[PDB]
Each structure stands twice: as C-alpha cells, then as structure tokens.
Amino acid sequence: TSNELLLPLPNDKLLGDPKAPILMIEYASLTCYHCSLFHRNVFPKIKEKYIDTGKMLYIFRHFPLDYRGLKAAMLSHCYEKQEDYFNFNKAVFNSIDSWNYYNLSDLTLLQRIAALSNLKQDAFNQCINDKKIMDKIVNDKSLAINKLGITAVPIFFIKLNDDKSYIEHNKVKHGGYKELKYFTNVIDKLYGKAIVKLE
C-alpha cells in the first residue's frame, strides 16, 4: 500500500536520526537537471538546518530514467556507510555537466567518481554489473510509479515520522524544484505540530 511505502523500509538508506520527529522521502534521478540544481543549491541548507540537527530523517530513493542514471544508482550500492552513500549521490548530482551527452553509454564520469573515492576497480566493476541490485532498483521504481503515481522527478514526501499514522500520499507530496524558503515553511510547520504531539 502507498502508506506502507511512505515509511522507513528495511532496505532504505537513511540520513540523520532514525527517530527524528520529521521524515522526508525523496525520489529523484541522478541525471535530472533540476534535481541536480536542487541538490547543489538548496539541499545543503536543508541538511544543515534539519538533518544534522536531528529534526528530520532523510530517505533518498532512486528513480533512474536512463542508462547513466541506472548505472550510477547501481554504483551507489558500493557505498555502505550513510555519509559515504549520500556523498556518492551528491557527487553524481554535482558532476551532471560532465556526462558524455553524445555517447550515453560512456561511464567515464563514474570511473572518475570511483577513483576520487578510492573505490577499487574490481569493486567498481562488480557494483556496476550487479543484476540483483539493478533488479531491486527498477522494482523499487515501478512500485513507486504504481503506488505513489510518480511520473516526473523530483518528488518529495514530507510527514511526521510516525509508523502508526495514516495519511493520503498526495497530501504530503511536493513536486519539482522548490527554493529553500518553501521547504523551511513546510518543515517548520510540521515540526511544530510534531513536538506538540510528542509532548
């Protein structure tokens, strides 16, 4: 069900306190231009204000739309620690101008990111060819399309981090590029309600 999808799942990669008052789930493609800009110019302030401070748990879920993006999503699984995983995705977003826009199968950018992160070639090769991880990524994506109605990215779901609650997914949904003030308004208001409920 859509509700069961909008909670922290066993295989989710988490950033911040698992018991934070607020939850943000983001679906995005690593090769999506607006996504990249959001991650470059808005997300760092969200992370500093809300994630580093323990106010909000952040769960990024892959939504790849092309060869580069799917391979990048697969490669992210070579990064186990929460900060390493986030930092890998951040690097891919940051380097969007550096893909090969003519040969869409050219993964030189990922080789560069792998080298900069001291990922060995054998580990790199295994990750970029891991059929089991590919399957998981594309199935998580199709599940989101079916149950959450995702067509365009990015999409954000922002809600109380309470596993017992029911809410219609569209009521907590935010789509596209949003400036910092949009998110601070949404998150501050929700956080206030959260603290009141948490006594």
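In case it trips you up, residue 1 is the first one in the sequence shown, and so on.
Greater mean Cα temperature factor according to the PDB record, 153-161 or 58-66: Mean CA B-factor is higher for 153-161.
Of 10-18 and 176-184, the stretch whose C-alpha atoms average the higher B-factor in the entry: Going by the record's values, the stretch with the higher mean is 10-18.
Residue of maximum C-alpha B factor among 131, 147, 40, 34, per deposited coordinates: Of 131, 147, 40, 34, 147 has the highest C-alpha B-factor.
Where the record places residue 142 (Cα B-factor, split into thirds across the chain): Its C-alpha B-factor belongs to the middle third of this chain's values.
CA B-factor ranking of residue 97, expressed as a third of its chain: According to the entry, residue 97 has a C-alpha B-factor in the chain's lowest third.
Chain thirds of CA B-factor: placement of residue 106: Its C-alpha B-factor, which the entry lists for residue 106, ranks in the lowest third among residues of this chain.
For residue 71, the third of its chain into which the C-alpha B factor falls: Its C-alpha B-factor belongs to the lowest third of this chain's values.
Among modelled residues of the same chain, the CA temperature factor third for residue 167: It belongs to the highest third of the chain when residues are ordered by C-alpha B-factor.
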